[PDB]
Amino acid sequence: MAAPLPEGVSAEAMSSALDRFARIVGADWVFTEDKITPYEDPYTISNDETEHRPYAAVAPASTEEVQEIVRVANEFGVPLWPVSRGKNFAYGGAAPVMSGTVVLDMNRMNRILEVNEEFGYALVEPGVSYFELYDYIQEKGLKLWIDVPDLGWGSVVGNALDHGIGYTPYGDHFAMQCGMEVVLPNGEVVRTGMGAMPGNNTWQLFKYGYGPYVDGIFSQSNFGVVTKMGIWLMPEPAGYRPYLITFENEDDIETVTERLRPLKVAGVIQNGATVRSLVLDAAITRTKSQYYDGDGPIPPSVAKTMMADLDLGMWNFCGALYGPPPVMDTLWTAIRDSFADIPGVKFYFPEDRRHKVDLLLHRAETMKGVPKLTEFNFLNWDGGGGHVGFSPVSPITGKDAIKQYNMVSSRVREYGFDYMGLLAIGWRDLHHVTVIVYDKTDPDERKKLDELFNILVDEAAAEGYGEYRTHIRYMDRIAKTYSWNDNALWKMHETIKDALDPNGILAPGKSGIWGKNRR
């Protein structure tokens, strides 16, 4: 079934828009039905073929082409779905919320404008991948690390703008942003911060500039198209020691989280360290069928067998030390002493791992910013599937961690899926990302996944828990959970949306923001 036109847009208006796009970028870089396949969500959820369908895609190579595309979209009322690389797998890929939207694919805008060793930053266009930035740094011999969101195939820009997370001390990607160029929804270009000062030498050095600090309004947003972004990069440290602490019991996560809090708030845990559930870690190197012939989630005997076979716990705390040996030794004494009295606790450095293909050796690369595709391995757990991320935020407190674990694991397993949970340790919070692996080709599994996801969102909200990020299908539902004072914040967002994008031609539905024409 082909994509429907967006509501209120005639075939004539769409067809005039697409010819104009082709004049701007060249005929090779407008993709219509029967080249639109790569822009579909790779991990389908809806059984309604009219939903989340991109009409077409346009692939510009310059900010100027982005501006002309945006001006043409305003002229014809043709909505755009901007993506940097479009690898938002488990959140919709490159697909739009609203069917009929045209993807604005910035993959070919892939210039690394600068990597500065002395100040530790990069200035990049959206199409720059983690692989590409990492390779540029290695080729030029620069003593910098990047921060990778597990997968290296995505965008330094796009991932940051979606509030993405990685696992070095620079793991809060958007927090490490400094300076950006934005094509506003009227086609005008602005630079934030010190970029607004002609002849500046500080765009990537001082976030604020002068006046209102607006960079964050273009993150998880449809207020503009970001065409250049700065990011701070960590200097190569004087030492690096990855570690893995494992826990025997699902209920250990309560005491473990209580012990993590003071270590993280004091900066003793230097990186975006993680606590990962057994199945998420096992699925990197094994499949369910190697331990169990059953059709549903694993029983306790299978969990215990996997733990003994792979030297994993029910909970696996993976982190790294950074800096000179006397600093790393001091921090390690504090971390080790915080967990050493928990019955069933085990400690590993990489040299202690018996298996040649092992989760710690993979995470040792991730926590020094090596781009990889290893994380897709968990999709093989049940014979090959897609995934969706249920990502509530939790305080770093055991009560909240064990509550969310119980609420999510119970429901996922009830719906036939194994629980695969990541607790990513932020400055003062935990990002609880549950990856639900399902057969995206089976309409019955898709139906179950959709019902489960709605339950997870509703039960979490009923407990005062909100998600930090979501799939295109649930962006309205999540926005409706942030309802304080009769949806006051989204009323403000819509006010700003109508001022910057009166014609509503930028990603209608992103973060539940639609604009007056479609509200």
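In case it trips you up, residue 1 is the first one in the sequence shown, and so on.
Q: Do the C-alpha atoms of 148 to 156 or of 351 to 359 have the higher average B factor in the entry?
A: Between 148 to 156 and 351 to 359, it is 351 to 359 that shows the higher mean C-alpha B-factor.
Q: Using the B-factors recorded in the PDB entry, average over the C-alpha atoms of 330 to 338 and of 205 to 213, then report which stretch comes out higher.
A: So the stretch with the higher mean C-alpha B-factor is 330 to 338.
Q: Which has the highest CA B-factor per the PDB entry: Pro300, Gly179, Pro392, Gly171?
A: So the option with the highest C-alpha B-factor is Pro300.
Q: In terms of the chain's CA B-factor thirds, is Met475 lowest, middle or highest?
A: According to the entry, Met475 has a C-alpha B-factor in the chain's lowest third.
Q: Within this chain, which third does the Cα B-factor at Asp162 fall in: lowest, middle or highest?
A: It falls in the bottom third of the chain.
Q: Once the chain's modelled residues are ordered by C-alpha B factor and cut into thirds, is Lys497 in the lowest, middle or highest one?
A: It belongs to the lowest third of the chain when residues are ordered by C-alpha B-factor.
Q: Among all modelled residues of this chain, ranked by Cα B factor, put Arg446 in the bottom, middle or top third, i.e. lowest, middle or highest.
A: It belongs to the highest third of the chain when residues are ordered by C-alpha B-factor.
Q: Sort the modelled residues of this chain by their C-alpha B factor and say whether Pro54 lands in the lowest, middle or highest third.
A: Highest third of the chain for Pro54's C-alpha B-factor.
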